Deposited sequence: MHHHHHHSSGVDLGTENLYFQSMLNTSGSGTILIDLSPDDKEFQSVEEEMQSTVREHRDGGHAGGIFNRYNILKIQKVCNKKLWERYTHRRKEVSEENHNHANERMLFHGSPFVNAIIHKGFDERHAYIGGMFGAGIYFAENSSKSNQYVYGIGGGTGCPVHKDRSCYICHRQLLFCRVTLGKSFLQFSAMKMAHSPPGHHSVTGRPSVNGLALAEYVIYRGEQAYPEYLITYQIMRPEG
């Protein structure tokens, strides 16, 4: 039941999604090893992901969280990079996508920095890079990220350098406590607490 609607680069919606993508690029502590060396992207396409069943699954759960948190879903828009992006847009997030080795336990992880989600597009640590060249820094091959609606509810705040949520909480927030430039990362433990709203197709750009 998934359909993808292509947005025009003239559309304000394309533009505000592009801006969020481009403006949350940062340098990473690995010097580019996982996700490649770049300061910005070439945005090739932005598609709206439309699936009635997945949307209703998302809003049903949002209402539950809201009602357990003084009518505040604490909804954010966050990036998700994954080798399983094609399965996610068709079937939704589920316990199979649970990053077991994640630092906040086995859940589904999201990032405020697009360049952070970019590190996981070809797998954990960037895997072996792109299918075609085995290059984690490939400037040629098309990459995809999701920009997702994520319900955080009452988020457990973790300071720092499928399982269950900590009791009394709907999510975990990873607050950076060393790298002053890094933005937050988040984890949910229920697939229904995120909806994959925009599929972004892009290349990383070789710096001048």
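- Gaps in the coordinates relative to the deposited sequence fall at 1 to 29, 191 to 192, 240.
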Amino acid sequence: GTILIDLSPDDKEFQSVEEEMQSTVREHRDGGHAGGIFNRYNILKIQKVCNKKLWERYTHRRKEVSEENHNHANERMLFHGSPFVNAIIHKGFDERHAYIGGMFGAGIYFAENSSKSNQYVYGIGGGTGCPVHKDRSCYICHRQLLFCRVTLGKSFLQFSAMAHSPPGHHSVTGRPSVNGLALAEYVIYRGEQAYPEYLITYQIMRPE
From here on, numbers count along this sequence of modelled residues.
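Take the two forms, superpose them, and find the largest set of C-alpha atoms that agree within 1.5 Å; that set is the rigid core.
- A fit on the rigid core, followed by a root mean square over CA positions in 9 other deposited structures of this protein, ranks 46 to 54 against 168 to 176 and picks 168 to 176 as the more shifted one.
- Comparing 88 to 96 with 110 to 118 by root mean square Cα distance to the shown form in 9 other deposited structures of this protein, with the rigid core used for the fit, gives 88 to 96 as the more displaced stretch.
- Note: missing coordinates for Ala161 occur in a third or more of the other compared entries bracketing this position.
- The PDB entry records a higher mean C-alpha B factor for 170 to 178 than for its counterpart among 170 to 178 and 27 to 35.
- Across the two stretches, 77 to 85 and 125 to 133, the PDB entry reports the greater mean Cα temperature factor for 125 to 133.
- For the set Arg61, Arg143, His164, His70, the maximum C-alpha B-factor listed in the entry falls on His164.
- When the C-alpha B-factors of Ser155, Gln47, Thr151, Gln158 are ranked from the entry, the top spot goes to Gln158.
- Annotation for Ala111: CA B-factor lies in the lowest third of the chain's modelled residues.
- In the PDB entry, a CA B factor belonging to the lowest third of its chain's modelled residues is recorded for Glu185.
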